[PDB]
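Two separate entries follow, structure 1 and structure 2, each one form of the same protein chain as structure tokens.
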Structure 1
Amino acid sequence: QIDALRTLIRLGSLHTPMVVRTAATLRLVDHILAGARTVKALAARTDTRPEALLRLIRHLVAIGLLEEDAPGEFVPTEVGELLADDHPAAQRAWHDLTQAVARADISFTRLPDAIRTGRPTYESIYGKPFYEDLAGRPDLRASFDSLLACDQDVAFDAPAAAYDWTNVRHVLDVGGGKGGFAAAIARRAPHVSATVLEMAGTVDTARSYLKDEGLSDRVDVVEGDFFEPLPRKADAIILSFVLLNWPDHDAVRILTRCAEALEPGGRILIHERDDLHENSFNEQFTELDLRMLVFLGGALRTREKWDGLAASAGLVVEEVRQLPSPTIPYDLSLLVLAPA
């Protein structure tokens, strides 16, 4: 009972997540690595009260993010080194309360309302629904876009590699972020052209990324709203981390728009995370699924529920593969859907 009780207190504790997040937000690990080892030197770098900073560091040592090397000198463990801003998993940014995702997590403080009503909680804190908030704040939009694309150059290699492109001439990436998926497809399949459809602000950052990668002649970027008719037909339409943002009714409206723009013999590729229901009681499914509830009113769906959504949009799930992230301990799902 002693071990059970401390297991519960730990899982229940709010100060630990918040200590990690403030350390990230304060750039503590970066500052230690640049030579500020002592509490007083870190206090000066972060403009904090030395005694308050010492109390925060005390907890960071307790939970294994920092350790003492010499008297009053602290140093990141291997876990703490992950908060270095140049680390490829970009966990410092992802835990930064000033950036879009960690800021969105304050939504979890009203979790009971979400479970009670099934509605997102984000608006009640920040005054606008998620995407209107990002649109009314271009600096948060930019942050959000860079977080989801922190991984861009490798995150889409695997799903692109899992799909055969022989029967594809044009690709439409609906809600395609900074153009990473489209880029990965282009590099792997020289005969394919692509169009990325996105919202304002994001479109310019997608163009600029594609120009940097030397793919502007092969990948086009267009501003648009994916609830309206899509501007182009395609042999392959990608919905990567889109459908999970939306409740069922809207997710079907999106799938239906995609189905309607499908060229004969076409397919849509859903890239996000699913599970068979019996295998869904795990931390990777729930962590993202609950973010979707509270940020947006969206959801991860089970393999079984995907049969239902697919059918309501005039589609069938042809096959589901699961694929590992190259950056982070997380599996993704690639679902290929065919017209009925």
Structure 2
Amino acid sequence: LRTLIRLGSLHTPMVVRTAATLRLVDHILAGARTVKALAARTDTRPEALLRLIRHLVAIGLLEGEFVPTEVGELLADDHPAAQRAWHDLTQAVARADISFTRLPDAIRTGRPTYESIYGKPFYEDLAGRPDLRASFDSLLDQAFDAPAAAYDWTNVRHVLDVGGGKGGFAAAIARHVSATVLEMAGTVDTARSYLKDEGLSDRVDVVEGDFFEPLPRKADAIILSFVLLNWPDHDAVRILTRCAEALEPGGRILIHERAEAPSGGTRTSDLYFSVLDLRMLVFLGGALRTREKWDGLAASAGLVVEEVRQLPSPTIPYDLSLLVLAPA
């Protein structure tokens, strides 16, 4: 009974997320240990903040003066795992997680619930909210060293990174190759700034546009890193087809995502990837795909999976893959 109640408790994660959002652990580490000072710094009502703190003590994140535990220290804004931002309700991902309150609808329909809560589908909501666009892009350790090392660039003149975020993958590849990042409004500006500040602006450019439209140029390698999981099969096939049509002769499409058999691993990795797969369902109608589902998606786009390079890791983000696709 205690196990079930713990698994089912909605209050504990919302208390953690509220503490992250209020930056409570940052304020304590900066010398606000008392409720009166912490209530001033967080702009909260002191009696209610103490009731929040009581739960944070009960679950082991805090211990009239309060300090973080070793686990609570991970909510410090400068901790390398960045768990404060990933739990911050004002930033894109924990905000999107509220969509899980309508999880029954998503299981009933297979369709995302984010629009029903926030008024627009995911990327269109970000397009109207520059703060959320920027926090989404910053949330997504630019992590691309191993996938860049898993491909032979000898015969590659130009790389097109489709949906390439702030440009970290293109940069890892750059470190004879030139590259282009294709991205959405807003994101293109932070990609350009990142690439300039890496000293790579003469090797990597950035184009604003829509990867459902004809791609801006041809390339020898076209990258889809954590893109296709955001889309249902029919959209994923459209993106793959745009990429296929943009390949130079002998070119390849590189997919950087999860591509395992549905077995193996541990309950810990099972859980971690269950969360990602369910986030794609609820936020976007997308999904993680097994190695076998990749074969079918590829065939619908006129492609074949030529090779799957394993990118192992026993710790988060665990084992990933680089799939290499060629025209069929």
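Here, rigid core means the biggest group of C-alpha atoms that superpose within 1.5 Å across both forms. All residue numbers here refer to structure 1's sequence, counted from 1.
Colleague: Using the rigid core as the fixed frame, list which single one of 299, 294, 39, 313 shifts its Cα by at least 2 angstroms between the two structures.
Modeller: Going through each option, the one that shifts is 39.
Colleague: With both forms fitted on the core, check whether the Cα of residue 245 differs by 2 Å or more between the two structures.
Modeller: It does not reach a 2 Å shift.
Colleague: Once both forms sit on the same rigid core, is the C-alpha displacement of residue 78 at or above 2 Å between the two structures?
Modeller: Superposed on the core, residue 78 moves its C-alpha 2 Å or more between the two structures.
Colleague: Keeping the rigid core superposed, can you check how far the CA atom of residue 90 moves between the two structures, in angstrom?
Modeller: In the core superposition between the two structures, the C-alpha of residue 90 moves 1.0 Å.
Colleague: How many angstrom apart are the two C-alpha positions of residue 224 between the two structures, if you fit on the rigid core?
Modeller: That residue's C-alpha sits 0.8 Å away in the other form.
Colleague: Superposing on the core, what C-alpha displacement does residue 324 show between the two structures, in angstrom?
Modeller: Here residue 324 registers a C-alpha shift of 4.4 Å.
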